[PDB]
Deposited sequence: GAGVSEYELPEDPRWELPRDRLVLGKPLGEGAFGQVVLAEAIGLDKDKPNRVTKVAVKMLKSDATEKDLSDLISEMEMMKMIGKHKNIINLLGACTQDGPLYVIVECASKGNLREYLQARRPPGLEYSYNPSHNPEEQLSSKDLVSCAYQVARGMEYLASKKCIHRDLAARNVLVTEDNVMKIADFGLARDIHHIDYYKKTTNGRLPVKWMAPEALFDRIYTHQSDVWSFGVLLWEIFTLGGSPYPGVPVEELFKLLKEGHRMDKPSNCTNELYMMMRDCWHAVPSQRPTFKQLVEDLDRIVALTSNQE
C-alpha cells in the first residue's frame, strides 16, 4: 500500500488534503469527506475513498482499478469526476467531486409536497441530465450495471452526477437477496436478461434508466414495495410492468415502457433518450 507508483498529473501532496467526517464503510473501501487545497490557495470540498483498517490485498487492487478506470473514462459534467490521488508516503486516497445535496432518491424525497419544490420541468431536467451522463459513459464503453436514483448524486447547484460507475464486472456471484442501506433490493432495477442470463449491456442499463425515471416521477418512490426476490422473478417472467405514476405524462410513461422492452435491441439508446428528453424539457411547464 505504501509502495505505489506515482501518476504525477493526478498526484496531490497529502498535506494538501484536510480529512473530515467519515461516511462509513463500503464493499472494499470507505469514504470520508475532506477539503483539498490547490487542485492554489483555494479549498475544494471533495470526497475521498481509501482502504478499510482490515483490508485485503484484493481491496487495494480494486481501489486502484476503480481509480484507473476513472482516468480512462475521463470527465463529464454529469458524472462524479476524479480530481486527484495521494499515492506516496502514506495510504492510498482517491479523491473525487463532492455532491452536497445527497443522492437523488433523498433529494427527491426531501422535496415531496407537505422547503424547495420541484417543478415538472425540474423533474424532466433531472432525467435529461442523468441520460446525458449515461450517454457519455456509454460512448466510453462503460456499462454501469446498477443505475438507480441511489447512484445519482446532486451538487450544490442541482447538477446530476452519476456515481459508482468505475467498477469492473464482478466474476459474478451477485447476491440477489442483499439489500441497500435503505432496505431495498437492487435486483429491482435489473433488466431481465441481466437477472436471468447474467448479460449486462448498454441496453440493460437503459432498462435500469426506465426504473430511474419511475423513481424520478414518484419523487423517490420505491419500486415493487414488499415484493421479495422470488416474486419479482415471477412478475418479470409474466411481463409485468409498473403502473404509470401520477403526475407523469403519457409520453414519459411510454418512454419508461420503451426502456422496459422485453427485447434489448428494441429499447431506445441513451443517445435517443437524450434527444427526446431535450425536446420534452423545452415543452414541459415550470409553472407547477
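Residues of the deposited sequence lacking C-alpha coordinates, counted from 1, fall in the stretches 1 to 5, 45 to 48, 124 to 135.
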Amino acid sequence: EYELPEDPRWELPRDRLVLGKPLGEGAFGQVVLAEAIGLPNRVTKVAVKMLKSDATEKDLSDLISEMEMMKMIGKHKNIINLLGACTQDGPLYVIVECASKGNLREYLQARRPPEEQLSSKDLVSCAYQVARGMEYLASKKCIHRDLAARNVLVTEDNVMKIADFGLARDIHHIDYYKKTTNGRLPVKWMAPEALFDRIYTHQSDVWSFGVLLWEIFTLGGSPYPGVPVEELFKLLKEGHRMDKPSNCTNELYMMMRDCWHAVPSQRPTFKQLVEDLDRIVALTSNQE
From here on, numbers count along this sequence of modelled residues.
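As listed in the deposited structure, the average C-alpha B-factor of 268 to 276 and of 11 to 19 is greater for 11 to 19. In this entry, the higher average B-factor at the C-alpha atoms falls on 166 to 174, of the pair 86 to 94 and 166 to 174. By the numbers in the PDB entry, the CA B factor is greatest at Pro113 among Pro192, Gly210, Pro113, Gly102.
Of the residues listed, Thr249, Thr44, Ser222, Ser53, the entry assigns the biggest Cα temperature factor to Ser53. Compared with the other modelled residues of the chain, the Cα B-factor recorded for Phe28 ranks in the highest third. Among all modelled residues in this chain, the alpha-carbon of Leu39 has a temperature factor (C-alpha) in the highest third. Compared with the other modelled residues of the chain, the Cα B-factor recorded for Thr181 ranks in the highest third. Annotation for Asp157: CA B-factor lies in the highest third of the chain's modelled residues. The deposited CA B-factor of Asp197 belongs to the highest third of values across its chain.
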